[PDB]
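Chemist:
There are 4 protein chains.
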Amino acid sequence: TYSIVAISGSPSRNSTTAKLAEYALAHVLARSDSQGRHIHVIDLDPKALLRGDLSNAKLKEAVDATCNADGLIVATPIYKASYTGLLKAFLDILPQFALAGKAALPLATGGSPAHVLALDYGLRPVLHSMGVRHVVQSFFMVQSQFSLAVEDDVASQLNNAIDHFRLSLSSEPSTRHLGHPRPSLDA
Amino acid sequence: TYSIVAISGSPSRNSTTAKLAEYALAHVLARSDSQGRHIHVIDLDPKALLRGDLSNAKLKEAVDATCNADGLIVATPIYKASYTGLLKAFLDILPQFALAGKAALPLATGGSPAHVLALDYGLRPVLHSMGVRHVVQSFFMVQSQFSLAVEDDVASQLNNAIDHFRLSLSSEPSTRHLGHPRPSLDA
Amino acid sequence: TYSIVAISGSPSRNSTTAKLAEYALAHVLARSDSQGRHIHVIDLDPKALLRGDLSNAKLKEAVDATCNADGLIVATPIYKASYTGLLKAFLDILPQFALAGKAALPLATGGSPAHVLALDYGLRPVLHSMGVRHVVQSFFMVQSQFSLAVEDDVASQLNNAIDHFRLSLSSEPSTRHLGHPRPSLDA
Amino acid sequence: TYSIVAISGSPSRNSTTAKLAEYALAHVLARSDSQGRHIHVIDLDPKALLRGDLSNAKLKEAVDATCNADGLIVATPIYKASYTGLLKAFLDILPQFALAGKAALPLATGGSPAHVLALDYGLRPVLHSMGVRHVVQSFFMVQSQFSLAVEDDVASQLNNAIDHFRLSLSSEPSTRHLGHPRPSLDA
Ligand SMILES: NC(=O)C1=CN([C@@H]2O[C@H](COP(=O)(O)OP(=O)(O)OC[C@H]3O[C@@H](n4cnc5c(N)ncnc54)[C@H](O)[C@@H]3O)[C@@H](O)[C@H]2O)C=CC1
Ligand SMILES: NC(=O)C1=CN([C@@H]2O[C@H](COP(=O)(O)OP(=O)(O)OC[C@H]3O[C@@H](n4cnc5c(N)ncnc54)[C@H](O)[C@@H]3O)[C@@H](O)[C@H]2O)C=CC1
Ligand SMILES: NC(=O)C1=CN([C@@H]2O[C@H](COP(=O)(O)OP(=O)(O)OC[C@H]3O[C@@H](n4cnc5c(N)ncnc54)[C@H](O)[C@@H]3O)[C@@H](O)[C@H]2O)C=CC1
Ligand SMILES: NC(=O)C1=CN([C@@H]2O[C@H](COP(=O)(O)OP(=O)(O)OC[C@H]3O[C@@H](n4cnc5c(N)ncnc54)[C@H](O)[C@@H]3O)[C@@H](O)[C@H]2O)C=CC1
Ligand SMILES: Cc1cc2nc3c(=O)[nH]c(=O)nc-3n(C[C@H](O)[C@H](O)[C@H](O)COP(=O)(O)O)c2cc1C
Ligand SMILES: Cc1cc2nc3c(=O)[nH]c(=O)nc-3n(C[C@H](O)[C@H](O)[C@H](O)COP(=O)(O)O)c2cc1C
Ligand SMILES: Cc1cc2nc3c(=O)[nH]c(=O)nc-3n(C[C@H](O)[C@H](O)[C@H](O)COP(=O)(O)O)c2cc1C
Ligand SMILES: Cc1cc2nc3c(=O)[nH]c(=O)nc-3n(C[C@H](O)[C@H](O)[C@H](O)COP(=O)(O)O)c2cc1C
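Line by line, the protein sequences are chains A, B, C and D. Positions 2 to 148, 154 to 193 (the deposited numbering) are the ones given, in order, by the first sequence. Positions 2 to 148, 154 to 193 (the deposited numbering) are the ones given, in order, by the second sequence. Positions 2 to 148, 154 to 193 (the deposited numbering) are the ones given, in order, by the third sequence. Positions 2 to 148, 154 to 193 (the deposited numbering) are the ones given, in order, by the fourth sequence.
#1: Among D:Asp71, D:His186 and D:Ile40, which residue has its Cα nearest to the Cα of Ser177 of chain D?
#2: Grouping DSSP H, G and I as helix and E and B as strand, with all else coil, what is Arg52 of chain A?
#3: From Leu184 of chain A to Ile5 of chain B, what distance separates their C-alpha atoms?
#4: What I want to know is whether the C-beta of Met131 of chain A ends up closer than 8 angstroms to one or more non-hydrogen atoms of ligand 3.
#5: Could you name the residues of the region 92 to 126 of chain A whose beta carbon sits closer than 9 angstroms to any beta carbon of chain C, in the order they occur along the chain?
#6: I'd like to know if the region 34 to 53 of chain B and the region 35 to 48 of chain A are in contact, where contact means that at least 3 CB-CB pairs between them fall below 8 angstroms.
#7: Hey, is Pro12 of chain D close to ligand 4, as in C-beta under 8 angstroms from one of its heavy atoms?
#8: Note down, in chain order, every chain A residue with its Cβ under 9 angstroms from the Cβ of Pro47 of chain B.
#9: Check whether chain D comes within 9 angstroms of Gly86 of chain A, counting only Cβ atoms and requiring the distance to be less than that.
#10: 9 angstroms is my cut-off, CB to CB: does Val29 of chain D come that close to chain F?
#11: For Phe141 of chain D, write down the residues that DSSP places opposite it in a beta bridge.
#12: What are the boundary residues of the alpha helix (DSSP H) that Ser4 of chain B is part of?
#13: Need the endpoints of the beta strand (DSSP E) that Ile40 of chain B sits in, please.
#14: Measure how close the beta-carbons of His41 of chain A and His135 of chain D come, nearest whole angstrom, since I'm counting them as under 8 angstroms.
#15: Is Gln138 of chain D close to ligand 6? I mean its beta-carbon at under 8 angstroms from any heavy atom of the ligand.
#16: Evaluate the contact criterion for the region 128 to 144 of chain A versus the region 6 to 24 of chain B: three or more CB pairs, one atom per stretch, below 8 angstroms.
#17: May I have all residues whose beta carbon comes closer than 5 angstroms to any heavy atom of ligand 1, sorted in chain order?
#18: With distances taken between CB atoms, is the gap from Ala82 of chain D to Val64 of chain C smaller than 9 angstroms?
#19: For the 8 angstroms Cβ check, are there 3 or more pairs between the region 99 to 113 of chain A and the region 84 to 96 of chain B?
#20: By the 10 Å Cβ neighbour count, where 16 or more other Cβ atoms means buried, how is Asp93 of chain A classified, buried or exposed?
#21: Of all Cβ atoms in chain C, is any one closer than 9 angstroms to the Cβ of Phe140 of chain A?
#22: When you compare the CB of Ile40 of chain C with every CB in chain D, is at least one pair closer than 9 angstroms?
#23: Could you check if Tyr84 of chain D belongs to the surroundings of ligand 4, using beta carbon to heavy atom distance under 8 angstroms?
#24: Please confirm if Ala90 of chain B has its CB atom under 9 angstroms from at least one CB of chain D.
#25: Have a look at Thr18 of chain D and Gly37 of chain C and give me their C-alpha separation to the nearest angstrom.
#26: On the CB-based measure, 16 or more other CB atoms within 10 Å of its CB, does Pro78 of chain B come out buried or exposed?
#27: Out of curiosity, what's the CA-to-CA distance linking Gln144 of chain D and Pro187 of chain B?
#28: Tell me whether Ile79 of chain B counts as near ligand 6, meaning its Cβ is closer than 8 angstroms to at least one heavy atom of that ligand.
#29: So the alpha helix (DSSP H) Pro126 of chain B belongs to, where does it begin and stop?
#30: Would you check if the distance between the CB atom of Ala25 of chain A and the CB atom of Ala66 of chain A is smaller than 9 angstroms?
#31: Please confirm whether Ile74 of chain A and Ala22 of chain A have their CB atoms less than 9 angstroms apart.
#32: Would you kindly check if the distance between the Cβ of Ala119 of chain D and the Cβ of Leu118 of chain B is under 9 angstroms?
#33: From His39 of chain B to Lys20 of chain B, what distance separates their C-alpha atoms?
#34: Less than 6 angstroms between C-beta atoms, sequence neighbours within five positions excluded: which residues of the same chain meet that for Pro189 of chain C?
#35: So, at 7 angstroms on beta carbons, what are the nonlocal neighbours of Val133 of chain B in its own chain, with the 5 sequence-adjacent residues on each side left out?
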């Protein structure tokens with residue numbers, strides 16, 4: 002059974018990005034032998050988050066869940082042409098090679114189609130600094146296009167990305183350290 | 002008289018990055034008609050910061066000081082091959098075109114020379130999303146090289167960067183909106 | 002008197018990107034004491050270009066003109082989410098710190114607004130590897146928007167970028183090495 | 002049986018980058034049921050390459066071989082903090098979604114460890130613009146470290167990257183369009 006974890010990073014209440022991540026998580030769980038959880042970074046204790054204080058139980062639990070996942074859905078609104086500081090603050094407290102062995106799906110929403118590349122030029126390299134095994138294609142949605155609630159063209163692309171993410175998940179322990187530059191030195 | 006603001010973004014106590022930003026701020030003030038301040042992002046209220054709550058006086062003051070600056074020194078340790086979430090969280094609460102008219106100097110420290118490009122590929126585009134007028138060359142220092155406390159080669163490069171930053175400062179009101187895509191629509 | 006050089010990098014005949022670069026060059030020359038030239042990379046000898054063979058007079062002349070410029074207009078269509086190989090091939094043959102002292106204006110056209118960031122995440126860091134003094138804001142135009155031939159909103163942004171580029175030009179020899187990490191070691 | 006294609010993009014004769022790509026290609030072929038070829042971009046006809054002239058047989062053959070590959074090894078020296086114009090010129094002539102279904106391994110050599118990130122921030126996004134299925138970790142080598155001819159630490163990392171690349175290859179036709187945003191619209 003796979004463990005899928007979504008991480009969504011809008012600091013805004015009523016996040017469209019969170020709804021997109023939730024849609025993706027449900028889509029995957031409906032089609033694979035998986036359980037999941039959704040870490041809303043806004044709901045973590047701000048002081049403990051920024052300080053990396055793992056004596057805070059809920060923060061520690063989020064970090065552990067991320068490290069134990071087979072696949073991560075990583076979702077952010079575009080802020081200042083990149084991922085949010087809130088999301089990055091969470092990523093910052095994971096272990097150096099936290100994503101070894103894991104598949105990943107980058108998702109974003111933005112106000113303008115002009116910032117589609119923020120995922121591939123911005124978030125993708127950060128995931129790769131963490132030894133990630135397989136990051137599939139990024140999907141970006143313009144705020145308006147949202148409202154299974156979007157134009158058919160956009161919906162196909164989204165569903166295809168989530169399909170690929172699900173297909174990329176690994177059920178073999180032989181893959182658990184892949185992506186790490188020195189697998190024997192753990193993951 | 003110029004207003005220079007340094008912003009340093011390590012979540013760590015006893016920050017080498019903060020010391021580097023402080024050195025740069027002093028260097029500039031010693032050689033120009035300038036006053037300055039140093040915003041240590043770690044010292045802002047974490048909840049108000051992540052929420053963009055400007056009813057918090059100290060946070061509001063930091064934002065106002067940044068908006069009123071003629072030059073910004075923007076300093077971060079390299080975390081996960083990019084700037085810190087803590088720094089980006091601060092940038093996230095500035096107005097859309099907050100940096101219109103302003104000069105800027107990107108500084109970082111890291112554990113490895115392998116991540117020198119995180120400034121130019123990572124931070125530089127974010128500053129440009131904010132209508133920044135002139136971002137001079139980046140300077141990156143490897144943690145060890147630190148201890154006016156470094157190898158002569160490194161010191162020359164650092165001092166040259168800070169020199170250029172100082173020279174790039176503008177004393178003319180005609181430049182106040184430069185960098186903004188629609189100057190008449192403010193800055 | 003300033004020397005302005007435009008470099009345009011579409012491998013396609015009848016380049017919209019070339020027309021945009023030509024517009025920008027004319028705009029600058031109409032408003033400053035400047036002379037200019039427009040290097041169309043497609044018109045350089047392909048073998049000599051890819052080999053960096055400076056025994057080819059026309060290639061050598063282009064390189065010399067670039068090195069002697071006070072400002073460069075650097076224009077590319079977006080190919081595969083970045084600048085063209087053709088443009089980069091030209092940049093590759095310039096000296097290591099070829100752009101020391103120089104102002105620069107990044108321009109592009111693309112088929113989709115989705116790749117606006119290719120300039121700031123892609124081309125901007127390359128210019129900074131060359132000791133460039135001041136790169137002003139990027140301007141990107143979607144192919145359709147073209148036809154002083156565009157929507158008023160787009161035209162304002164373009165003209166503002168070119169205005170800023172012109173204003174950023176330096177008439178003082180004291181600036182000739184600025185941007186170089188070791189000015190005394192030339193430029 | 003897998004088809005593996007290496008593409009190496011140094012414009013320099015006696016390329017260390019080419020030797021690294023050749024090592025990687027041999028490593029993969031020694032451990033999987035694979036045949037391979039090595040496209041040295043410098044050996045393609047410069048005029049036909051820059052013009053995308055597929056009436057040139059050798060260029061057409063290279064493009065076809067790339068499109069027919071199950072895995073690509075993509076190798077470049079670092080020039081001006083990014084991949085070479087020569088390499089990008091080749092990538093530019095591939096079909097829009099040329100890499101659909103394919104695994105990929107990014108390799109580089111450079112003069113300085115300071116540009117390690119050029120692969121992940123520079124080349125990786127370009128491969129993803131082409132619908133690539135799985136790009137494993139990047140490997141970068143400093144020119145000196147070269148001479154199975156390097157320090158044990160570096161050799162382990164290289165071999166691990168090539169191992170992962172080989173393991174990522176797919177023998178199932180069900181994967182042939184994965185990575186493409188609209189699989190039914192081909193690849
Ligand atoms: N080149 C292109 O493809 C096109 C882009 N656009 C963009 O689509 C936009 C319409 O969306 P919006 O109403 O703006 O919704 P939005 O989702 O972009 O903005 C939401 C809120 O966040 C604020 N905001 C946006 N960007 C910000 C920033 N960088 N920093 C701080 N706050 C920010 C806005 O003020 C707004 O209140 C147009 O305003 C235009 O910017 C529109 C047409 C074409
Ligand atoms: N290719 C290159 O140029 C070379 C790079 N290096 C690097 O220099 C390093 C020596 O510096 P360090 O002792 O590591 O000091 P450091 O300043 O890099 O690390 C400080 C602390 O942060 C932790 N840390 C580092 N990276 C982290 C990450 N991505 N996520 C979470 N925590 C992280 C470390 O565990 C350490 O406790 C070597 O370990 C090596 O990584 C060394 C030689 C050459
Ligand atoms: N998210 C967004 O903001 C939106 C993006 N679009 C894009 O605008 C496009 C309309 O422009 P086009 O007719 O395509 O003109 P174009 O200027 O994009 O393409 C020109 C030619 O180059 C080819 N081409 C395009 N991309 C290529 C690639 N990556 N590799 C190789 N060849 C390539 C095309 O086949 C075409 O023949 C739509 O097709 C869509 O892609 C449209 C609406 C919204
Ligand atoms: N921050 C860091 O980690 C450190 C970086 N380094 C770098 O390692 C270097 C030693 O290697 P090199 O002898 O330079 O061999 P190289 O492999 O870097 O250079 C090969 C040739 O290409 C030329 N070249 C290099 N960069 C160029 C550019 N951007 N444009 C045009 N031509 C270029 C050089 O002149 C040289 O002739 C030092 O010079 C230093 O730059 C050295 C120590 C530390
Ligand atoms: C402070 C701030 C900065 C923003 N910066 C950008 C941006 O740079 N590019 C963009 O396309 N949208 C930008 N936006 C718009 C958001 O990305 C967009 O509204 C997004 O859908 C919000 O998602 P959410 O509902 O999950 O918070 C910004 C919004 C805010 C509040
Ligand atoms: C969580 C974490 C992640 C780090 N990631 C990187 C990295 O990706 N690249 C790097 O060169 N150094 C990395 N480092 C090392 C720091 O950049 C380095 O120690 C820096 O000098 C710390 O600056 P400070 O004293 O101001 O906090 C990381 C350190 C930590 C704690
Ligand atoms: C091979 C090729 C690749 C392209 N890749 C992109 C792309 O990645 N993103 C984009 O927006 N447009 C892309 N385009 C469309 C061109 O950027 C667009 O047509 C541009 O305006 C051409 O400019 P030109 O007339 O100067 O050649 C591509 C076009 C071609 C021929
Ligand atoms: C024109 C030129 C530009 C270069 N730019 C860089 C650079 O930006 N960063 C770097 O680390 N090395 C740079 N180098 C050094 C090469 O990356 C290095 O020598 C590489 O190993 C050459 O590989 P090759 O033997 O396959 O040609 C450059 C070399 C040349 C000739």
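We put the CB at the ideal spot given by N, CA and C, even for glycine.
Modeler: Taking the coordinates as given:
#1: Translated into positions along the fourth sequence, residue 177 of chain D becomes position 171. Selected option, being the one with the closest Cα: D:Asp71.
#2: Here residue 52 of chain A is taken as the residue at index 51 of the first sequence, counted from 1. Helix at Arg52 of chain A.
#3: For the purposes of this step, residue 184 of chain A is taken as the residue at position 178 of the first sequence. For the purposes of this step, residue 5 of chain B is taken as the residue at position 4 of the second sequence. The straight-line gap from Cα to Cα measures roughly 47 angstroms.
#4: In the first sequence, residue 131 of chain A corresponds to position 130, counting from 1. Result no, Cβ not under 8 angstroms from ligand 3.
#5: Taken in chain order, the members of the region 92 to 126 of chain A whose beta-carbon sits within less than 9 angstroms of a beta-carbon on chain C are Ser113, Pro114, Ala115, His116, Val117, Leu118, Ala119, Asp121, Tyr122 and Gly123.
#6: yes
#7: Taking the fourth sequence and counting its residues from 1, the one referred to as residue 12 of chain D is at position 11. No.
#8: To locate residue 47 of chain B, count along the second sequence from 1; it is residue 46. Neighbours of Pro47 of chain B on chain A, chain order: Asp46, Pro47, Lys48, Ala49, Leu50, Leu51 and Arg52.
#9: The sequence position of residue 86 of chain A within the first sequence is 85, counting from 1. Judged by the 9 angstroms Cβ criterion, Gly86 of chain A is not in contact with chain D.
#10: No chain F is present in this structure, whose protein chains are A, B, C and D.
#11: Here residue 141 of chain D is taken as the residue at index 140 of the fourth sequence, counted from 1. Partner(s): D:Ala109.
#12: Position 3 of the second sequence, counted from the start, is the residue given in the question as residue 4 of chain B. Where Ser4 of chain B is concerned, there is no enclosing alpha helix (DSSP H), although the beta strand (DSSP E) it sits in stretches over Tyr3 to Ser9.
#13: In the second sequence, counting from the first residue as 1, residue 40 of chain B sits at position 39. Run containing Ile40 of chain B: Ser35 to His41, per the beta strand (DSSP E) assignment.
#14: Position 40 of the first sequence, counting from 1, holds the residue named residue 41 of chain A. Position 134 of the fourth sequence, counting from 1, holds the residue named residue 135 of chain D. That belief does not hold up - the Cβ atoms of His41 of chain A and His135 of chain D are roughly 29 angstroms apart, past 8 angstroms.
#15: Locating residue 138 of chain D in the fourth sequence gives position 137, counting from the first residue. Answer for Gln138 of chain D: no, Cβ out of range of ligand 6.
#16: Judged by Cβ distances under 8 angstroms, the region 128 to 144 of chain A makes no contact with the region 6 to 24 of chain B, as fewer than three pairs qualify.
#17: A:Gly112, A:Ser113, A:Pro114, A:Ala115, A:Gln144, B:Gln97 and C:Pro114
#18: Taking the first residue of the fourth sequence as position 1, residue 82 of chain D is located at position 81. Taking the first residue of the third sequence as position 1, residue 64 of chain C is located at position 63. For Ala82 of chain D and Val64 of chain C, no; Cβs fall outside 9 angstroms.
#19: no
#20: Here residue 93 of chain A refers to the residue found at position 92 of the first sequence. Classification for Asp93 of chain A: buried.
#21: Counting from 1 along the first sequence, the entry for residue 140 of chain A is found at position 139. False, the Cβ-Cβ gap to chain C never drops below 9 angstroms.
#22: Residue 40 of chain C sits at position 39 when you count from the first residue of the third sequence. Taking Cβ atoms only, chain D never reaches closer than 9 angstroms to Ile40 of chain C, which makes this a no.
#23: Against the fourth sequence, residue 84 of chain D aligns to sequence position 83. The nearest non-hydrogen atom of ligand 4 is 8 angstroms or more from the C-beta of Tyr84 of chain D.
#24: By one-based count along the second sequence, residue 90 of chain B stands at place 89. No, because no Cβ of chain D sits closer than 9 angstroms to the Cβ of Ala90 of chain B.
#25: Here the question's residue 18 of chain D lines up with position 17 in the fourth sequence. Here the question's residue 37 of chain C lines up with position 36 in the third sequence. Computed Cα separation, rounded: 38 angstroms.
#26: Working through the second sequence from its first residue, we reach residue 78 of chain B at position 77. Looking at its Cβ environment, which holds 16 or more other Cβ atoms inside 10 Å, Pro78 of chain B is buried.
#27: Here residue 144 of chain D refers to the residue found at position 143 when the fourth sequence is read from its first residue. Here residue 187 of chain B refers to the residue found at position 181 when the second sequence is read from its first residue. Answer to the nearest angstrom: the Cα atoms are 42 angstroms apart.
#28: Locating residue 79 of chain B in the second sequence gives position 78, where the first residue counts as 1. Yes, since a heavy atom of ligand 6 falls inside the 8 angstroms radius drawn around the Cβ of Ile79 of chain B.
#29: If you number the second sequence from 1, residue 126 of chain B lands on position 125. Membership of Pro126 of chain B in the alpha helix (DSSP H) is indicated by the continuous run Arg125 to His129.
#30: In the first sequence, counting from the first residue as 1, residue 25 of chain A sits at position 24. In the first sequence, counting from the first residue as 1, residue 66 of chain A sits at position 65. For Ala25 of chain A and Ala66 of chain A, no; Cβs fall outside 9 angstroms.
#31: For the purposes of this step, residue 74 of chain A is taken as the residue at position 73 of the first sequence. For the purposes of this step, residue 22 of chain A is taken as the residue at position 21 of the first sequence. With a cutoff of 9 angstroms on beta-carbon distance, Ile74 of chain A and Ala22 of chain A are scored as near each other.
#32: The residue given as residue 118 of chain B occupies position 117 in the second sequence. The residue given as residue 119 of chain D occupies position 118 in the fourth sequence. In contact: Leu118 of chain B and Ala119 of chain D (Cβ atoms closer than 9 angstroms).
#33: Here residue 39 of chain B refers to the residue found at position 38 of the second sequence. Here residue 20 of chain B refers to the residue found at position 19 of the second sequence. A direct Cα-to-Cα measurement between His39 of chain B and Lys20 of chain B gives close to 11 angstroms.
#34: The residue labelled residue 189 of chain C in the question sits at position 183 within the third sequence. Contacts found: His183.
#35: Within the second sequence, residue 133 of chain B is the residue found at index 132, counting from 1. Taken in chain order, the residues that qualify are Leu100, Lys103, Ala105 and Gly185.
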